[PDB]
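Presented as structure tokens, the chain that follows is alone, the form deposited in one PDB entry.
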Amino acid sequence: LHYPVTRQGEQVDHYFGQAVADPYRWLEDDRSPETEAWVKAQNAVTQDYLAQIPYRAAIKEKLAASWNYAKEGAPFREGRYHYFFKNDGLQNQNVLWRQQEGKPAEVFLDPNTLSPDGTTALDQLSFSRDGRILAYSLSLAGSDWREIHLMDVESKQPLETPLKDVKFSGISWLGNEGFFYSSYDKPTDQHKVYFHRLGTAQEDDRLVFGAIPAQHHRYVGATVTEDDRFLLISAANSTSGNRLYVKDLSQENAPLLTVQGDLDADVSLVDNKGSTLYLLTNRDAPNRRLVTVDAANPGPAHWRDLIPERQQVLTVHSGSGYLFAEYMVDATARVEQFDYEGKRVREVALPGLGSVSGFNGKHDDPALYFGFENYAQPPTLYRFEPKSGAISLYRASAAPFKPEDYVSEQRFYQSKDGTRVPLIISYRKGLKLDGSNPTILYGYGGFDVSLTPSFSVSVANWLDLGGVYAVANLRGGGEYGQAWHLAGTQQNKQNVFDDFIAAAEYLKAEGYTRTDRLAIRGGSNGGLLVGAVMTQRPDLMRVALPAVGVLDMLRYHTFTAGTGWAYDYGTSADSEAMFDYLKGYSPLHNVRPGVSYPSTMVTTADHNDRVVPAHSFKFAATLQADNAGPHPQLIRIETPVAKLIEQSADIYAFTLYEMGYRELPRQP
């Protein structure tokens, strides 16, 4: 294996009187002739190395064959039909089907064919209270503009001419009379709420909110409660904070009452019961709380906590006369069922530890549906009986992976300083803890980002090859509260790396794998994680896979988009202490001559605004110049799902090959 020559320049930088050489400074220009030629030469060496891997084509074949599969959503009743979305696996847009009990299912609305070349997309969908009329918004191209169409659902023909010039709008019906929507014009950065009455022309739509000076806002929204009693109007100027107003529709010409008159917090309607409003908000509660207040005097001073804020971020769903609080605890789903009076009915017995969605329904739905998935289980739909709490399988995934063939377990290990850290491990059933299993340990560790379980075909293929997939919930993440995040920032960043090293040691100590059967992986802040751990403990793993990483911690902030990461990392310009700390772990600056590094495959696109290739380019150049051991230090520069399949195949093939496998660990 002969690496392309990478010339070293003479650039030398200085920080607080300290000199730091940057011989690959020229690689920071990803569009210069010399860099683009380097990229081409590196890719040639990498492709040549990968070409010798015997089973690379077989891995790619299985990935491609299992990548696409049919999907179906939960059914919902509107009028005399149950509607549900489906996707055959290749369709660009989901297709809406419907079925009347006692009859066969039929296609109801196929967005793909709304325009030859399928450039017309289905956005909002909203049926009248009786389900006889459907109002839905469509978008053309990558346009923010919308048209609201009105269809008679039985004949499937247009009821009226579509509403035009709609933008950033919801569609909320008031019974079967008409619906509220938002628009900037009549019917200029002044968003307004309008009411369209069925049987009338758009030009006659009543202006509801937003015209007088005190109501001028860039974004407004309107929602009518399911019982048609209240109109809630939200108004905002940006993504942070919104005012909220309520109007009692059961009263003749009721004025708007102020639920929240400032933009200091987010607050939104969950539902009402009688004159009681149920609101989800982050006002004085960053993790959110569910509150109630009487609609006749709805100001924040009167809000009463129904579900007080907790350490975990709250998501609320309502259905069948119950409220459901969803949280991710130790990074996995927990759902609690409450009645509208605040009594906790039960903790819902979810199918296992994973991620969920759903529990959304109408007041009178006899059952609710929820989706569940994790590293070893494809998205599956379950039916939930609200009264009994009974759960049953509604639709198994069409993905070519049977959940019963896999195992997912959560363990907790201790980091160097005693901190207990969560670790989710997945594999094919029948695995033995004899320390021989090829394992990929994945982590991120930063920016309050939580690593929660999610199914991916690529990971599932790894498990079928006989691999173990482990994900550590390191400090710096969002799995707990602010202290957990902060414990992995600025001058505490080392904790993240120590947490990851401890996960690798735990996997070995527990018999899942061993040093020559272990690979570590991560992207972006996760790439930094890999770069840092492989430079501090190059002997801990056999393979290192840093993707799109931030690897030059001394100059990351001077690059495009780097300024936004300053809160988590700090910059070499902050102070001598911050500079010394950053230089202490910066991967680029900690690669050393004579050291034997693990087999490495650095990955990145040839051009990137978020995380510039410069990081990966300079890091790969330095590994190639400094590594003295037998392992290859390669870089794969990306120049559709086709590319994703090729990327995953190269990584798994490279990983197994570097571990010495002549054949797959297990025949999939």
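Throughout, rigid core stands for the largest set of C-alpha atoms superposing within 1.5 Å between the two forms. Throughout, we count residues from 1 along the sequence that is shown.
FYI, the form deposited in another entry isn't displayed, but the following is about it.
Fit the rigid core and compare the CA positions between the shown form and the other one: of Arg521, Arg146, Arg542, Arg555, just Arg146 moves by 2 angstroms or more. A movement of the C-alpha atom of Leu433 falling short of 2 angstroms is seen between the shown form and the other one when the two forms are aligned on their rigid core. Superposed on the core, the two forms differ at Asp165: its CA moves 2 Å or more between the shown form and the other one. Once the cores line up, the CA of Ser408 ends up less than 2 angstroms apart between the shown form and the other one.
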